[PDB]
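Going by the deposited numbering, the residue at position 45 of the sequence shown is 46; the numbering climbs one at a time, nothing skipped.
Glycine included, each C-beta is placed from N, C-alpha and C at the ideal position.
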Amino acid sequence: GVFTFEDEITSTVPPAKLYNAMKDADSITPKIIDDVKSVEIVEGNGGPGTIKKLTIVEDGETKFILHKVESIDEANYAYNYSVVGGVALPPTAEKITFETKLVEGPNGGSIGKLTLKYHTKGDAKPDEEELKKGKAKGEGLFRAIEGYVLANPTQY
Ligand SMILES: Oc1cc(O)c2c(c1)O[C@H](c1ccc(O)c(O)c1)[C@H](O)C2
Ligand code: NA
């Protein structure tokens, strides 16, 4: 069953710059989020279809997360990936997809339109706590990437 949710978030960064930074998420996140220890390609080239493994600590404990790159519509500033395994996939969920689209924002900025697509085994529904975490992973990344660009003018 599919359950979809949409959120918006604004930034004073132009979408072109924000989008280049998003593509470099594997590099950026281990530097800026203490809990993220490593992002590595298992299979694929980095492009849509690529599977990645992530070493993360959650409440002091080492854990693993599996990502699949879904699509990278460059002309429309779009980066989609999904969580297909590990701690951040609930036992009742097949897959959780995080979409991110960037369009123009006030005063030279952009608005991030985020989309959460939750795929569940059978007819189980995402629980309220799962969804709360999902939206927070969504804003959190955008916020993290966003913080990186604001702190680093000279390179995007
Ligand atoms: O604010 C956070 C906190 C996290 O624990 C994570 C965040 C953001 O995003 C990470 C992430 C998300 C997408 C990527 O392509 C990537 O290399 C890393 C990961 O989900 C783990
Ligand atoms: Na780190």
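- [ ] Determine the contact status of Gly110 and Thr11, defining contact as a CB-CB distance below 8 Å.
- [x] yes
Task: Rounded C-alpha distance that separates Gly50 from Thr98 - done: 13 Å
Task: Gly123 versus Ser83: straight-line alpha-carbon distance, rounded - done: 19 Å
Task: Near ligand 1: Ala152 beta-carbon under 7 Å from a heavy atom - done: no
TODO: Would you grab the beta carbon distance between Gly139 and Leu117 for me? Rounded to a whole angstrom, and I think it's under 8 Å.
DONE: That belief holds up - the Cβ atoms of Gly139 and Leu117 are roughly 6 Å apart, short of 8 Å.
Open item on the list: I need the residues with a C-beta less than 5 Å from some heavy atom of ligand 2; please give them in chain order.
Closed with: Listed along the chain, these residues meet the criterion: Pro31, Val37.
Task: Spatially closest choice to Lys64 from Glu130, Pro16, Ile29, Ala89, by CA coordinates - done: Among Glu130, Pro16, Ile29, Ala89, the Cα nearest to that of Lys64 belongs to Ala89.
Task: Three-state secondary structure (DSSP) of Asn46 - done: coil
Open item on the list: Nearer than 7 Å: is that true of the beta carbon of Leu19 relative to any heavy atom of ligand 1?
Closed with: no
Open item on the list: Rounded to the nearest angstrom, what separates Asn77 and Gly48 at their Cα positions?
Closed with: 16 Å
Task: Per-residue DSSP class, three states only, for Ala79 - done: strand
- [ ] Take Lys69 as the anchor and find which of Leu55, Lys134, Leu142 has the nearest alpha-carbon.
- [x] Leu55
TODO: Look at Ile112 and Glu9 and say whether their C-beta atoms are less than 8 Å apart.
DONE: yes
Open item on the list: Report the CB separation of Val40 from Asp60 in whole angstroms; it is logged as a contact under 8 Å.
Closed with: Contact between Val40 and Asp60 fails: their C-beta atoms lie close to 20 Å from each other, not under 8 Å.
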